[PDB]
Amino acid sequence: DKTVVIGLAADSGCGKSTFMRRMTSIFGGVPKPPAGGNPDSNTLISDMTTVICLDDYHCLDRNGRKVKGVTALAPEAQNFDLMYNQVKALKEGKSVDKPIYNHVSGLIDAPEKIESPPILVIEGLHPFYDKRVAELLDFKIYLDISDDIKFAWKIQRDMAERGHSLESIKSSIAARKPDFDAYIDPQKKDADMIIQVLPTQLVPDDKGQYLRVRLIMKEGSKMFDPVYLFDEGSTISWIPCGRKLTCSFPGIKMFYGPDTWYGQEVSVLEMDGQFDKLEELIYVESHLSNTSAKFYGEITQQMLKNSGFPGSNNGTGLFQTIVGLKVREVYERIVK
């Protein structure tokens, strides 16, 4: 009894559904859309978790947004009143009839009723934008992909740049970017945990194949404690190479230490590079402390359990796994 509410702020086409899956996979069972409902539903339900895509609170459909000269990232194209009221209702056990934004058609279909679940996760562009809705959340997570990695991935995820031609878009970026930097990006300032994806510093990479990944964690919350190694509060650089874990061409380099995040006190855990044999992160894991793992090789076990996922060989999957375990910690800390 009593429902826990997690917020995940992330962009489209930069790995939020993989992130989502890792976090739900810790409570076991893969969330799936309603059984008979809309085939284009954005919701996913499992025994323990229920994930809601915040697009369903667009107050204007695709064409309604087009005539007003507004993008999907604009606050005025969101219905925060309804989003607040409905998130609150699900928290207080009450069920909710919630619209569906049909990404295929571009129209706002009809609900879709939602039962209040053990953990409700809301994911999208504006989980922390509305102060009423933010105060509703027990844990705030932001996935920050830098523009260089974002805009390398799309010039490829777009179909090996099969369209539109050469490049030339590149200006699908220009349409979304200004709203992104004004409305979506500032939300990472009050996140409790941030995963930041940067270009590697080990080797030259025009493809975003090799990533520098930073897990930034707020100090001083009763809901969670930051992970560290090998000594909390210190500043460490750590090359694990070369026995213990195989590292091929671009090596591995860990960093750990205190930093400051928009005036706020944070500890940072960082990885640059790529594992090549996906055991041996237990090597890494055994030196990580405060991971909120319940048994010895849990991080390695979950990452094993999700092997085919993207980002399973670099810092993305690892730090997303750790943050999943912190989500369970927040729930257990709260329901007993």
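For every residue, the number given is its place in the sequence shown, counted from 1.
**Student:** Looking only at CA atoms, which has the higher mean B factor in the entry: 152 to 160 or 220 to 228?
**Tutor:** Mean CA B-factor is higher for 152 to 160.
**Student:** Comparing 55 to 63 with 25 to 33, which has the greater mean CA B-factor as deposited?
**Tutor:** Taking the mean C-alpha B-factor of 55 to 63 and of 25 to 33, the larger value falls to 25 to 33.
**Student:** Looking at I100, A174, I194, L211, which one carries the largest C-alpha B-factor according to the PDB entry?
**Tutor:** Each of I100, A174, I194, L211 was compared by C-alpha B-factor; the highest is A174.
**Student:** So if I compare the CA B-factors in the entry for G242, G124, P258, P178, which one is the largest?
**Tutor:** By C-alpha B-factor in the record, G242 ranks first.
**Student:** How does the C-alpha B factor of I299 compare with the rest of the chain: lowest, middle or highest third?
**Tutor:** Highest third - that is where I299 ends up once the chain's C-alpha B-factors are sorted.
**Student:** Among the modelled residues of this chain, does the Cα B factor of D190 put it in the lowest, middle or highest third?
**Tutor:** Its C-alpha B-factor, which the entry lists for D190, ranks in the lowest third among residues of this chain.
**Student:** Relative to the other modelled residues of the same chain, rank the CA B-factor of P250 and answer lowest, middle or highest third.
**Tutor:** Within its chain, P250 is a highest-third residue by C-alpha B-factor, going by the deposited values.
**Student:** Going by the recorded CA B-factors, say which third of the chain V330 sits in, lowest, middle or highest.
**Tutor:** According to the entry, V330 has a C-alpha B-factor in the chain's highest third.
**Student:** Lowest, middle or highest third: where is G93 by Cα B-factor in its chain?
**Tutor:** Ranked within chain, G93 CA B lands in the highest tercile.
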